[PDB]
Amino acid sequence: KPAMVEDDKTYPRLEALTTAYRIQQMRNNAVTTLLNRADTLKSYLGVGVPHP
Amino acid sequence: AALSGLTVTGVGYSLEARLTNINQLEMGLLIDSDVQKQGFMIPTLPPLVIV
Numbered sequence: 015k016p017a018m019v020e021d022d023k024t025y026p027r028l029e030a031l032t033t034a035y036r037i038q039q040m041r042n043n044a045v046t047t048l049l050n051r052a053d054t055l056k057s058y059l060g061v062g063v064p065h066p
Numbered sequence: 115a116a117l118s119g120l121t122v123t124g125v126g127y128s129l130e131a132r133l134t135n136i137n138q139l140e141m142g143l144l145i146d147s148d149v150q151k152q153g154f155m156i157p158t159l160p161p162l163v164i165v
């Protein structure tokens, strides 16, 4: 922000920052983690093979 | 007869704009004060005599 003027258009409220934070933590990173876990299991164990 | 043959074409332009630095970023004219000290001394002069 230019820090001698207050704004509501060049600056949406803190709610926008919180929304970006929540979406980033909850959706994209979690989905990436789940898919990477799936690919890791695929790579390590093969298919249909139960290890002791 | 006077205008016979004249051709007129536009070439270019120049644009006048200021940069509205709301955050301020600019040099400018400084203003300060200075003092000159000067002194003036008084001598003596040759004397008149009565005898």
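As given, the protein sequences belong to chains A and B, one line each in that order.
The end of the first sequence is residue 66 by the working numbering, with every number in the run present.
The end of the second sequence is residue 165 by the working numbering, with every number in the run present.
Ideal placement from N, C-alpha and C gives every residue a C-beta, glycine not left out.
What is the residue span of the alpha helix (DSSP H) that residue i lies within?
i: A/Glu29; result: 28–37
i: A/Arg51; result: 43–59
I believe residue i touches residue j by the beta-carbon criterion, under 8 Å. Please report the beta-carbon distance rounded to the nearest angstrom.
i: A/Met40; j: B/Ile136; result: So it is not a contact: roughly 37 Å between Cβ atoms.
i: A/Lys15; j: A/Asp22; result: Rounded, the Cβ-Cβ distance is 11 Å, inconsistent with contact.
So, is the C-beta of residue i closer than 8 Å to a C-beta in chain D?
i: B/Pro157; result: Absence of chain D from the displayed structure is noted, the protein chains being A and B.
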